[PDB]
Structure formats: C-alpha cells, structure tokens
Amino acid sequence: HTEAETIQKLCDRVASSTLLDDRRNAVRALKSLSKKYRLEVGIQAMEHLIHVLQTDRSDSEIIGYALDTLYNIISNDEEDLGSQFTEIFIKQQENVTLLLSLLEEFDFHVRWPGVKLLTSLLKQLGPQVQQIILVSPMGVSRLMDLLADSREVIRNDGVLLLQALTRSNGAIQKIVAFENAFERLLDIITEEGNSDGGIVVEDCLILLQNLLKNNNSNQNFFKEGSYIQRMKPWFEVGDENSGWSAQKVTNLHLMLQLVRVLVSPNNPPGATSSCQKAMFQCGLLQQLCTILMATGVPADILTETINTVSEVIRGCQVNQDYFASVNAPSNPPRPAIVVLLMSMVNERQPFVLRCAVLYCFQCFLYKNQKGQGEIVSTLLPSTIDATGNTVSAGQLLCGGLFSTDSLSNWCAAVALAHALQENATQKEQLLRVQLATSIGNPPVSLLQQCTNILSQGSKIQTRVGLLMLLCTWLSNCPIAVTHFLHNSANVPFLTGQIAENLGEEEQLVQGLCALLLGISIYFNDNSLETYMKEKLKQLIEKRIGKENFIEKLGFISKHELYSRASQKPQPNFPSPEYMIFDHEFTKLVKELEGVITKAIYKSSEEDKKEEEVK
C-alpha cells in the first residue's frame, strides 16, 4: 500500500482538504514522486492535478507545482507513457486552452513549466494540439508574447515551443509570420553574433525553416519585407582564424539551408526567380562566392556553399553571367567554370565535393544557351590559339570522358549532356567535333568514339554515363540520328546487346540501348537510305521481338535508383556506386518511354499510312 496507496492518500488531500496549505504540500509531495513513479502518479493524480489548475489560480505556488508534476508525468524529453498520458490530458479540449490562459501569467514558476509542458504536448500529439490552439481565439498570437519575455530561459524555451507549434502546420506558420516572427528572430540572431551565437541561434534558424520551407506565402513576405538583405551578414565569415566550433558549422549549415529554401527548384518558378534577383542586388550571391575563395573554411561548409551558390544561379542569367565572371587568384587566374570542371575530374577530391561541383556546373548551364554555346565551342577551337599552354573546359571534359576513372567518365558525359539539353543548335555543332587517333590515322568523331567505348569492356558506370549523353544528343535531333546510323557498326551493336541474355548487373545498360535505338526510330527523318525507320522496326521484329524490345526499354524506369533521381535536380548519391542516373535524364525517359512504345508497335500497313498522314 505504501508506494501505491501513499499516492492515493496524497490524492485524497488535494481533492478533499479545504486548506490551501494542505493541498499545496501534497502536490509538492507528488511533484517529487512524479519522477520515480511516473505510471502510478499519472493514473491516479492526473484528474486531480487539472482540478488544481482550474480552481487554485490565486496561489501561483501550488499551480507551479501542479504543472511541474504534469510535465514530469507527460514528458519524454529525457528518454509508452508520454503519448498515453498526452491523449488523456487533451481529450478534454478545454485543458489545453486552460494551459493557454496560464501562460499569460508573469510568475516564473507558473509560466516556465507551463511552456515546457505545452511543448511536450505539441511534440507528442502535434496535429491534435495544434488544432486546439488554432481554433482557440487568438491562441497563436498570445503564445507569440513569449518572445517578448525579458527573461532568457523563458524566451529561449519559447522558441522551442514555437518550433513544435509551427511544425507541419501552414495556417500557424502564416499567423506566426504575421506576428513579426521574422524581424524578431533575425534580431535575436543578430544580437547573439550570427553563426557564433551558440545553441539559441540554432533553434531560431530551425524555427525560420519551419516558417519558410515549402510555404509560398511566407517566402513571398520574406522577400517583399526585404528580409533577404539580413542574410548577408551571416556569410561575412571564413576569413581566417580557423578554429570553428561544432556549433558554428551547425549554425551556418542551417543558414545556407534557409537561402536554398528560398531558391528551391521545387518552388513556383516566379518566386525562386525573384529571390535569385534579390540575392544578386543586396550582394548575397557575391558574398557566398567569397566564402569559396577564403581559406579557413571547413570542407563540408565549402561543400554546401557550393550547393547553395548552384541554386542561387540556376536558370538566372545575370547570376550565371556573374558566376562565370569570377576568377580564383592562382598562377593561371582560371575562370570559375574551368575551376569547377578541374575539381570534378580530380580523382583526389572527395566524392561529396565532386558532386557539388557538377551540380554547380549544371545550374550554370540550365536555361543558359549562351553558356551552353561557350562550352561546346571550346571543343571546336578556332579564334583561341596557343599562348604557350592554358587549359580549357572542353579539354577537361574530353580528359574526363576518356579517363580511367568511371566517376570522371560519368561526370564528363552528364556535364556534356547539360551543354546540349534543349539546344538543337549545339547538338548540331557537337557533331562537328573530331578527335585525333594516331600519327597518320584518320580522325574519329566525338559521337562515334562515345559509341565505341560501349563495346570495349568498359565499366558499367562509364557506359551508363555515355548512353545518357547519347540519348540526350540524338533526342529531338534528326542529323544527330543520321550521323549515328551512318556508321554501319552501330545498329548491330545495339541489337546484339538488346537481344543478349545479359545478367542483372547489365540490364540498365541493356534498357538504355533500347531507348537509344528507339530514339533513332522516333526522331528518324528517313534521309538515310539503308536505315530508314520501317527498316529499323522490322529489324527489331526480326532480331529482338517487339514485346521484348519494350520490356527492355522498361528496365530504365524500374531500376531501383530511378525514382529517387526523379525527385529533384541535385545529385543524391550516398556514395560512388550510387552515381548512375541524372535528374534531367529521368525526365527525358518519362517524356519518350510512352511515345516510343506506340511508335514501335503499329504495323507496316499502318506505317505507310502514318508516313503519308505526316
């Protein structure tokens, strides 16, 4: 009965006794038992503790202890009982709005544990408790007053409460922004010394990400409110004095994240465009770029600053044109793009950096036909000649394309593919590129050499890279398709690969050969005699079987790695073995998989009608 009925007796007191002192004492006893006998105190004490909160409001002290005891029952912040009791506490709507009332009180011993309790509830039944507060009249606004509390333990734990209130809840994120959240949280971060400001800067950065991430209205306010310029001082860093703390790197990671959130490729493209421009004009883009010249910067901060710059420029000419204008101070001063490509094909750089550098290269080229022409024309040199050395973009791409490192081959092929992407003009130009073979042997075009590599016992990653280039190059480009089929070795290589009984490690390659062949049909103009289109269909029927051809084509989208690649532009590869798919390439596969599939069926009698009907 003692350690069991003992609690029952303390409960009789709180319920039954008329002297505030007797009740108060008994709640303080429970406050201490609450830790070691969490289950027992909760099952018996809870109804009673709430009654105290309802009826003993003149005695701040006893309230402070009812709350302390409740926190102790409900909280899993230490670590089941947490949600079990949270469900019981909240099943009466009014128990939470009561809690709201109690936080309007100034007494440290009432408000602090109130804050901590409500936070524990919001992290355990978020949606439910957020909804109770949202519908309460001005419930969210009043909780916002906790940021005006001069006391620090209260204000700081108040930020943590707003994290929990705001999480996954767009209506609340808007109200919180309405109530001056941005100005006030940026001021706290400014006052704590930006990235140097310890734990509280982190929880304010976390809270800001809750407010902006995928929340279009708040992002727009953030921009219209001119709050982007407040981001600029965060990145006046690096410099030197290279003992950065764990907390500083952590804080600056969260800061780079907020910038990227505002220029996310998944946003409505107007909003990202607007923020890109806003970033070029307050100097934020240019500041970040400076982080990348400095010494002292930790590698992973370097790595994410590159990924951030990438998205600040993506598809925005002034910002792309700017980025290219920058030059690193070095014996050869080297343009920015040249510098990215050197790191991308450097076997000695970490994988994570090599992927950031590629992404940056790709964002540079996106919707940028001038930049796309500038890359391609360095492979057709004319009005540049020997100064006694110098190293060019196209030289680095070729060096990577035919290198011994499958990572370099893959990166060089995808980087080239982004130079051709939605640019027929440059696909025609790249067909002009000729490679020297040996002293006194004819040259081989870049097109044919990329194709030759697929039959030479190359690693599967090299072959995947190259076939993506090849598919991108021929797609939507009939003279590409003409030049390709013109070499008689190519259609038989493809048909033999597609027909072969290849093991599972080679089936992605097999499927990409299906797509390339099918591109050479769909985008065929019939201008070449001996591989028209109907010839090619019948060759598929004869050698592979139409159904089998389509099955193999279907391997591309069923590859275990495809889906993930389709989610966003940034390379998302946990390690080298996962570098297989490119994001824009997954889009090409979706646009064409279906139209090739009909194209390929539909018989000859239909086809001469179809080649009369168009």
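Numbering starts at 1 and follows the sequence shown.
In this entry, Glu504 and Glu505 are joined directly, with no residue of the deposited sequence lacking coordinates between them. As the entry records it, the average C-alpha temperature factor is higher for 146 to 154, out of 205 to 213 and 146 to 154.
Stretch comparison (398 to 406 versus 379 to 387) by mean CA B-factor in the PDB entry places 379 to 387 on top.
Residue-level inspection of the entry shows that, of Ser325, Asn267, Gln276, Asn169, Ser325 has the top Cα B-factor. Per the PDB entry, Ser245 shows the highest C-alpha temperature factor of the residues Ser245, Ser527, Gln163, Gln510. The deposited CA B-factor of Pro442 belongs to the highest third of values across its chain. Ranked against the other modelled residues of its chain, the C-alpha B-factor of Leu516 as given in the entry falls in the lowest third.
Ranked against the other modelled residues of its chain, the C-alpha B-factor of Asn548 as given in the entry falls in the lowest third. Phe106: CA B factor lies in the highest third for its chain, per the PDB record.
When the modelled residues of the chain are ordered by their C-alpha B factor, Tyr65 lands in the middle third.
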